[PDB]
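# Commentary on secondary and tertiary structure
These are the residues of each chain, in order.
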Amino acid sequence: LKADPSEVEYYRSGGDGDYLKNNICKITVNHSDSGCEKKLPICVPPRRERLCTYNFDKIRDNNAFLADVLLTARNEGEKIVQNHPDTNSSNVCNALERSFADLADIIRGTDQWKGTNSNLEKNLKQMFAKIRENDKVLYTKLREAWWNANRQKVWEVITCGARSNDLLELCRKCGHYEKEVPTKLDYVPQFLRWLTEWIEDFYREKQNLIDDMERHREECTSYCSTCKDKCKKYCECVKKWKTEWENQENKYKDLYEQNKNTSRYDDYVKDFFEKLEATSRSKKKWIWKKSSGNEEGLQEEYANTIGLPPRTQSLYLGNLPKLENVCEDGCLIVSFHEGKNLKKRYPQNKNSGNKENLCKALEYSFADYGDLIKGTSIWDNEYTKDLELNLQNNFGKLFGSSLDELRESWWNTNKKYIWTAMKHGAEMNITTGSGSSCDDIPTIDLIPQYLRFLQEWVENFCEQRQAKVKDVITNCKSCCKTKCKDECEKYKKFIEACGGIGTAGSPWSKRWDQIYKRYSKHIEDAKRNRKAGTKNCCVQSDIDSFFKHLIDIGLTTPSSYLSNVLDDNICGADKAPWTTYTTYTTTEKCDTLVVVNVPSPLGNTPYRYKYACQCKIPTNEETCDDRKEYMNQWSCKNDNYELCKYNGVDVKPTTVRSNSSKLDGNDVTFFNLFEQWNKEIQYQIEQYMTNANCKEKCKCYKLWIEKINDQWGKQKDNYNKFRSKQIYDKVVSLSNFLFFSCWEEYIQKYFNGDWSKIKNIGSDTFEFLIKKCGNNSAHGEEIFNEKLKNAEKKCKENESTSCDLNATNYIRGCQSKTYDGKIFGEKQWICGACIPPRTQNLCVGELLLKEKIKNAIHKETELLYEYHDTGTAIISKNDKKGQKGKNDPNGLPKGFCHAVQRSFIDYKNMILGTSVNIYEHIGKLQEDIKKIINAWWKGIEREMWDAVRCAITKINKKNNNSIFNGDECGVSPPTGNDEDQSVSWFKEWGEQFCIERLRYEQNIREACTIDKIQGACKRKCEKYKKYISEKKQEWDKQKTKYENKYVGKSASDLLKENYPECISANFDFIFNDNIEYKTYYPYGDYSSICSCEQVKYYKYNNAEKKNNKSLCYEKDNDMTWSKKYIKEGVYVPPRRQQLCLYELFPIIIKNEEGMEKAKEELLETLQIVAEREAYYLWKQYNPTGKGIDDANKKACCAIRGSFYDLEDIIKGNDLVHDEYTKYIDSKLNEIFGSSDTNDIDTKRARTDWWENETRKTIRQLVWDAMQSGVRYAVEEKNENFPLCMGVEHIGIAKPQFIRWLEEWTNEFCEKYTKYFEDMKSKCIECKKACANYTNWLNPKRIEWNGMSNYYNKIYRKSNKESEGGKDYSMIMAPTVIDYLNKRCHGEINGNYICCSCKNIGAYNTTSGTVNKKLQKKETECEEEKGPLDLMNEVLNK
């Protein structure tokens, strides 16, 4: 052995080194310095036809040579196993080891290749000289070290395909893939091994041929002539073999005569040459350990996995070879022997006398027998290594495609007789009345042994669970003083007993964790490295295929499989689900408590009986706290201090605070805790206000309100104590501190890190800032109190759940208005913000006053109703015919009462004279009116509402079409808290824009559907462009006004939520402010329609006609995480917010039931988008053309993240629903499949399309496009192509949430390290460093808390268990912090491991605060920020 390591290189013309190091044989053709075609149909052995030649200054070091030899060995093993030169399965892998030995000797050893063998040896010598350039020890030493390393390593890859048998001490696989040491070395002269192989082949051939001849001699009944001819031929072969043996003897004698550390192989060969010349089984214990050579247990691969029930170990077939006991000793004899064995084993099964428990045992025994006969068993007691060999030998002489398929067919054919003979059957009939009535003849149980063992173990556990819970509930059914505690204690001991039946004396949690790990590994193996999936011409039988079927169905985790397989809820009879997870404190058996979460049945006490078995009060407080809703993570006569330590990391003294020539000490920790609390509680209150059985909901909401009130009171008292202490020896006021916190929170989100000139604010933004944070005077306490009051009234309002006069006589003054139509001079928008056309002309021609106003409003309402009834295309959507299809259920026109409300609001504002922009003369009129003249206003408003209701009733009476008494869409007045003047006008403008856009789109599609343009499309497209420009100006003005008024909320969501008309319109795209929008898309999101052209993607080999038509904008680095546009506690990384999704919208909207073209259209669009994204991302991550490997790695990581995001969005597994993504997903669902088809079918079709073509798949096409983009980026700087970008194979993408968390932690660690290095090296710059540190760290604590909560929600859930129908069974991590361990410990590789953090320990939760890592620079930052806060308050005042 030697210490020289190898197989550690990376990106050496291969995939990646991360794939390796797991002791696997996944090496592909790549990674071996090249990207075996030589295959055949003194001595001439077959070594030439079982050898490869895949083996000058291009190799870096011995890593490449080792990889090449490993690839050669793997290819040779694959060729030998797949070719199957001898399917008898008796000796199939001996040739494998012989070829391995020959290849080993080929490396500067005994060379017998007669031919062009000079190139190989020359290349080997050149490689040896190159690797020997470093002189360390005086050629042979390095060669022997490399040979030993190869013998130790290649033995674990070449034998990764053959799993028939071996001779040697383990079995079930030739060689030892996991023994970690060589089994048998063929260190013998090549001549002797070749002779042995030749004689073995001759013996096998002659033996089987003479056996076939003997069978044929009797098969018939000129056979004698052919018999004699074959005998003569075989005599000729025998004499030829004798002559060859004589030649070998002559050669041996010649070598002996010639013979009468310097090629040690030859020395040993000559030394060896001179030496030669000179039946009842007791119960079992559920073996949970690996089986040894002469010991029971699971196989090597299935280490510590599901155990073996006593029934399997008591099977008679697992006693000896296939030979009966009472006997002294054909194709049909096998069936008779099997039937006898089954009928004699069934008496052994009669031990359990039952009518329900025996059928399942018989089914399990039958399935185990089938799996053992097939040759896929794992229980593997002391009597299996020989049984398989005997079965193979028997089948070779009776049936000698493949042998495994033959065994499967034989089992499937004879399972009927095998099952019928297991029910007391002696006289086999042709094929109830038998000894048992388990089930019908078939009793299909074709399931892998692992799942059946898991089900049997689960049933065994559930039996004991039911037995215990029966006694527990029989005594604790609401009756428990002292006789009930014993039952609960005994159940707790049974469930957690680190020492009942099964588990081999160990906690059930460890066994469950091992089972879950194995199930996840099987899922990954059947999902990642399995290309031959289901839907194949319904897999017949295979473990990987069955696991793929399960993954497609959705039972990804073992819990769902157990829940579905188990029926009748027999597990305890308490109705305890197997999907819900229960967490208990810890297990004392084998001082420190560690929370353990397991399936509900396991748990720690009876399901739904937690804190009930001890015979105390229900404790509604804790019972609801367990609900995991409305939770506050805080644990708030001396009256000294109340730290209110955050749940988790405890408060630790700084040890750097001193009272000598300083301000004070021991109070900075309280200041930081208060700073975190005043923001966390504010965010929680805002979230609960944004958010809406309800009796318990508000009970817990009020409990949380009281808790936060108590916390606030304690914090106020502690802050008063701190202020008194400071005054003892100046600190900002508490209200001033709250005002500063509000201002800082408002500024950080929008302004770039506390913008210098904060005074420069929008004219309307001042009103919002003063209303939210407060006025000039400090009133933080009042604002907090009002917020709490609003929160309380939230539930307080939530928990609550004649007219005869004829007014139609004064028809004068107002006539038919000139609406926006030609039914016999049309107005237009005038953009205060805007003036809608309807507001310009009303029934105000008349202008005692109250009656006149009432009559005017009645007349205008009647006129509007009549006009809407007549029909108009200004606000109502209708086809060419008109008045059809679009009909309100009430039977009234569309958008009528909205207009009535709008007009009423305008009248109210006019009579009130608010800040409304109107004609100057109207302004003077209303000014004079309000000079001439607020309960009476409300009374008059009620008067108009009653008059409108009476008018509606009169209209209904005169029409008699439906029932309408003033409740067409609501009787109550408009209750919109927000101002209804600017917002109402904006909403009306948005509705009109939606209607006009839909009309124009319909006209274009119906008139410009059927290559330049020469019809009438020019006029339509030009009119649409002019309209789009006008509405773009209007939208810009209105959006600026809204942002100045409401700087927090956006306009797109508000305009698209209250109007289903704009669902296919993207304001961010239709009104793009870029320059390419007027050149590449001059038609406004309809270029693909007006142009009627076709899109195409050009590869690297194309001419100057490249693809530079995109709307991609330079990536920004000064963004922050936002949780907007999401369908809880999940934040979007900055990368996803900059992906180019503009080019997809035109093609998405263009296609409708046109998959035939939409397929390639979307393919080209996605390729172009991915190319542009890769270009921009690599440019952003490699600025100024710096040749840094870290920059390339980060660019590759961003590329992989973006590519996975694109895969998820195409597959419909995306989390965010942005303006583009929402419509993209809607149209993708509409196109693929149909309305009748379910969403699951559409998702499966999309996944199939993304994976397969139905040359190259779309995955590879997008990858190639992105590499082409990276190359176009690189050619601009004339640098080397990144090595992390030339990899084709990529593993399956993990859930988007996990990738987001990994990116978040990577960015957090990078920023933390940068800021800490900046501060320590300089800390009079402490102020800026401390301020930036605090500002960057405060949001991160909340982000991490939310991400950890979401992780704990679905940490190990599945499709039918998690919040969403996504896959999360690959997590296999107890807590979020533990998952980042082993994943963010090493350096960046660019493929998988792309997070570096020197915080692996449990410090992320503490690093979020300033308890420990910021202790040395806590007092300085605090005492120098205090003056910053004071100056900010002074400037604000």
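Residues numbered from 1 in each chain as written, not as in the entry; some residues may be left out. Heavy atoms only, no water. Residues with missing side-chain atoms left out of burial classes, pairs and counts.

cryo-EM is the method the PDB entry lists for this structure, together with a resolution of 4 Å.

## Here's the deal with the side chain of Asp1429
Mapped onto the secondary structure, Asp1429 falls in helix α44 (residues 1418-1436). This buried residue, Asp1429, is left without a salt bridge; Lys1425 holds the nearest opposite charge, at 5.3 Å. Discounting chain neighbours no more than four positions away, the residues touching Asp1429 are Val732, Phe737 and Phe740. (Helix = DSSP H or I, 4+ residues; strand = E, 2+ residues; numbered from the N terminus. Buried < 20%, exposed > 50% of the residue type's maximum accessible area, 1.4 Å probe, protein only. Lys, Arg positive; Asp, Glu negative; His and termini not counted. Salt bridge = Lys/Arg side-chain N within 4 Å of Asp/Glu carboxyl O. Contact = heavy atoms within 4.5 Å.)

## Quick word on the state of the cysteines
This model, assessed by the stated rule, comprises 27 disulfides. In this model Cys803 forms its disulfide with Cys950; the gap between the sulfur atoms is 2.0 Å. Looking down the S-S bond of the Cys803 and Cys950 bridge, the torsion is -75°, so its handedness is left-handed. For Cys803, a relative accessible area of 43% translates into the label partly exposed. In this model, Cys831 is linked to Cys834 through a disulfide, with the two sulfur atoms separated by 2.0 Å. The chirality of the disulfide connecting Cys831 with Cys834 is right-handed, given an S-S dihedral of about 110°. Here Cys43 stays free of any disulfide, with the sulfur of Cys237 as its closest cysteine sulfur at 17 Å. (Disulfide = S-S within 2.5 Å.)

## Some points on the pattern of salt bridges
Should their charged atoms come close, side chains of opposite charge can pair. Per the counting criterion, the structure on display carries 72 salt bridges. Put simply, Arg1299 and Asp1208 hold a salt bridge, and the shortest N to O gap is 2.6 Å. Classification of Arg1299 by relative accessible area gives buried; the value is 10%. Its relative accessible area of 7% is what places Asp1208 among the buried residues. Residues joined in a network through salt bridges with shared partners are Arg163, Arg172, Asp380, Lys385 and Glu388.

## Describing the nonpolar core
The biggest cluster of nonpolar side chains holds 102 residues, and the ones touching the most others in it are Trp457, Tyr519, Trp578, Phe1297 and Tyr1351. When near neighbours in sequence (up to four residues on either side) are disregarded, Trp578 contacts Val458, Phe461, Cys462, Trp512, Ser559, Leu562, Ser563, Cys571, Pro599, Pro601 and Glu1361. Among the nonpolar cores identified, the runner-up in size contains 79 residues, and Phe993, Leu1055, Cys1196 and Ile1209 belong to it. (Core = buried A, V, L, I, M, F, W, Y, C linked by side-chain atoms within 4.5 Å.)

## Observations concerning a positive patch on the surface
A cluster of basic residues, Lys880, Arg999, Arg1019, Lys1020 and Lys1023, forms a positive patch on the protein surface. For the positive patch, the element with the highest residue contribution is helix α30 (residues 1017-1045), accounting for three residues. With respect to the helices and strands, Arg1019 occurs in helix α30. (Patch = residues over 30% accessible without salt bridge, like charges linked within 9 Å, V, L, I, M, F, W, Y side chains within 5 Å. Areas by Shrake-Rupley, 256 points an atom, 1.4 Å probe, with all protein chains shown as cover. Charge placed at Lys NZ, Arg CZ, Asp CG, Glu CD.)

## Details of a nonpolar patch on the surface
Residues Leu847, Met910, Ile911 and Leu912 make up a contiguous nonpolar surface patch of roughly 350 Å² in combined accessible area. Summarising the element assignment, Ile911 is placed in helix α26 (residues 896-912).

## Concerning the environment of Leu398
Within the fold, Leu398 resides in helix α11 (residues 385-399). Since its relative accessible area comes to 30%, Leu398 is described here as partly exposed. Leaving out residues up to four positions away in the same chain, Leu398 has contacts with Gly330 and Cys331.

## What to know about the packing of helix α2 (residues 94-106) against helix α5 (residues 190-219)
Here α2 crosses α5 at 155°, and the two axes come no closer than 12 Å. Classed by the angle they form, the pair α2 and α5 counts as roughly antiparallel. α2 and α5 meet at a crossing whose hand is left-handed. From α2, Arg98, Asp102 and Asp105 reach across to α5, where they touch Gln190, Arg193, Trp194 and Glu197. Residue classes in the contact of α2 with α5 are distributed as one nonpolar, one polar and five charged. (Axes fitted to C-alpha atoms, helices over the stretch in contact; angles between N-to-C directions. Parallel < 35°, antiparallel > 145°, perpendicular 65-115°, else oblique. Left-handed = near helix turned anticlockwise from the far one by under 90°. Nonpolar A, V, L, I, M, F, W, Y, C, P; charged D, E, K, R; others polar.)

## Things to note about unusual backbone geometry
Of note, the phi angle at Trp286 is positive, near 60°, even though the residue is not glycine. Mapping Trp286 onto the fold places it in the loop between α7 (264-277) and α8 (310-313). Look at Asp380: it is not a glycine, yet its phi comes out positive at around 50°. With respect to the secondary-structure elements, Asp380 resides in the loop between α10 (357-374) and α11. Residue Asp380 is classed as buried on the basis of its relative accessible area of 4%.

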